[PDB]
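The block underneath contains the structure these notes are about, expressed in structure tokens.
Read the figures in this text as sums done on the coordinates, not as results from a lab. A quick note on method: Cβ atoms are made from the backbone with ideal geometry, for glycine too, and the neighbour counts reach across all protein chains shown.
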Amino acid sequence: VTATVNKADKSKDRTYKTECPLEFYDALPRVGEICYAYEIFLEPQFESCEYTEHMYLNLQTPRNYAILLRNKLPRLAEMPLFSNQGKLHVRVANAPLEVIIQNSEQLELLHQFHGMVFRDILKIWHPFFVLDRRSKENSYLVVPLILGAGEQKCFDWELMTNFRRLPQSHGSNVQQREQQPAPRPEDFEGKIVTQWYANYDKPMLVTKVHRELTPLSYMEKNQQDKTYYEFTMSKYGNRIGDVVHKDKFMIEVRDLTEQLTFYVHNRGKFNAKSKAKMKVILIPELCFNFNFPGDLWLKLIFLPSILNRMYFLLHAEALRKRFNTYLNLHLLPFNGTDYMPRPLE
Amino acid sequence: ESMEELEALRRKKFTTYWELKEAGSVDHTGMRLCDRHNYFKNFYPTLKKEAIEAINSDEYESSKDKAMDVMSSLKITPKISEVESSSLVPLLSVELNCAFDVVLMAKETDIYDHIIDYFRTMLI
């Protein structure tokens, strides 16, 4: 304290080694061991409207995912998030789902799906990213969850084995169009699609199919004297080559935001009426179809923010328990096993 | 023509030479450097009106999409390459390949909005 050595470097900073919460250390599920799954629920606060239905109804879908650990999680508080449509509420299941891993290949399938989500769906991937099995720090897993018999919920095995990697979209030519089977309205309903002709290869969620609307029909607005087919040719004739399956059904699709960090309330003049009036109509065989359902994609999009917030809430819980035990106040009903977390203010 | 041919023929030859040497750096806009910035202003209204309508449109899905649509509107071809850098986030440069030698560069999270700002400023 009396030394003059550190008087000059007053406003410097220091580097520190971060450490995961104890729950997220050695959390990699193991064969022959009991593992716990915590379903993550999301509740939209904003009203469902022409600017918001595709997010509201999709979030309220019963299909969800869960976090899988060897280490039991404590109770966690309700969590707010801010999407473009409005404020969003997130919670973690207080009652873990418990299953047993029995063979290596099932764990490999789980880990493959976990890697695929970040590599393709979120595009958090880097060239130097490698999957880890050391069961060292930050080794928890993510598993999609599908409703089981009755009220029970179970793992979506077919989804994981079907999507070890996302299929690359490709531009089929006219002969490829002819040899391919006709599009089916049910195979598109609720699925993720992307356009393989234009530079816009980014995915989108089709809200619903329009089986009653076919090419040569006049459009919605402005160019009401023009038809879908003629505009598609005039726009991208040199890209598409030609159109096959002329008389088939059309679809109406809405876009998926690229944001990942929804902590802070993004604000602006969203012009909901005009943003709804730009009703995007696309030709099915002109846009590649993923079998991946959007009711899981619009919830996987929020995964990074939730994971980071949980990463820090676990440290907050650890500190709270340490202090309440140190002061000998832990035996109180306020701080005991009946500890009820309160939503973040 | 005696002096005119001596000028035009070597113009063609040297312009082709520089175009094959560098793919850019060839100035054939015909405008004085004191006023070469008026290049984007002096296009036909056909491209300009629709380009400014696109760049003024707020419904666009993303800044990248807006940039690509505006650039395609002026029929100007893109050219994006990765410049070497010490930054973890890649440092990307964009070349427009038009007669006016123009190049822009930033982080790839900002290159599209940078193109938005550039074409917003120039197109009037």
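Looking at A:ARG91, A:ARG75, just one residue is out of contact with any strand residue (DSSP E or B) (no Cβ under 7 Å at 6 or more places or on another chain), within 20 Å of A:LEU313 (Cβ to Cβ) and in contact (Cβ under 8 Å) with a residue 40 or more places away in the chain, and that residue is A:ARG75. Counting only residues that are hydroxyl-bearing (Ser, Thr, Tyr) and surrounded by 10 or more Cβ atoms within 10 Å (Cβ to Cβ), which one in segment B:1-34 is farthest from B:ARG120 (Cα to Cα)? Ranking the qualifying residues of segment B:1-34, first place goes to B:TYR17. Residue pairs whose Cβ atoms lie under 6 Å apart, separated by 6 or more positions or on different chains, with the first residue in segment A:215-228 and more than 13 Å from A:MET250 (Cα to Cα) and the second of a type in the set (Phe, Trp, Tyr) and outside any loop (DSSP other than H, G, I, E, B), are A:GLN224/A:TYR218. Just give me the residues in segment A:110-158 being aliphatic (A, V, I, L, M), assigned to a helix (DSSP H, G or I) and farther than 18 Å from A:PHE302 by Cβ, in sequence order. Listed by number, the list holds a single entry, A:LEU110. Candidates are the residues of segment A:114-150 that are polar (S, T, N, Q) and on the phi > 0 side of the Ramachandran plot; the one that is surrounded by the most Cβ atoms within 10 Å (Cβ to Cβ) is A:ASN138. Scanning segment A:165-182 finds no residues that are surrounded by fewer than 17 Cβ atoms within 10 Å (Cβ to Cβ) and within 14 Å of another protein chain (Cβ to nearest Cβ). Looking across segment A:245-276 at every residue that is of a type in the set (A, V, I, L, M, F, W, C) and farther than 16 Å from A:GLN195 by Cα, the one that is surrounded by the fewest Cβ atoms within 10 Å (Cβ to Cβ) is identified as A:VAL264.
Taking segment B:35-64 as the range and being surrounded by 13 or more Cβ atoms within 10 Å (Cβ to Cβ), over 14 Å from B:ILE115 (Cα atoms) and either of a type in the set (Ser, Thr, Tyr) or within 14 Å of chain A (Cβ to nearest Cβ) (or both) as the test, the residues that pass are B:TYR39, B:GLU50, B:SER57, B:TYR60, B:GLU61. The lone criterion from (1) within 14 Å of another protein chain (Cβ to nearest Cβ); (2) more than 21 Å from B:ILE124 (Cβ to Cβ); (3) surrounded by 14 or more Cβ atoms within 10 Å (Cβ to Cβ) left unmet by B:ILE111 is number (1). Number of residues in segment B:65-86 that are away from chain A (no Cβ under 14 Å) and either farther than 23 Å from B:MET31 by Cα or polar (S, T, N, Q) (or both): the value is 5. Could you tell me whether B:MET68 is of a type in the set (A, V, I, L, M, F, W, C) and in a helix (DSSP H, G or I)? So B:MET68 fits the description; yes. Filter segment A:232-291 down to the residues that are among the aromatic types (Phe, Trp, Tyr), away from every other protein chain (no Cβ under 14 Å) and over 25 Å from A:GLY171 (Cα atoms) and list them by number. Passing the criteria: A:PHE262, A:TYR263.
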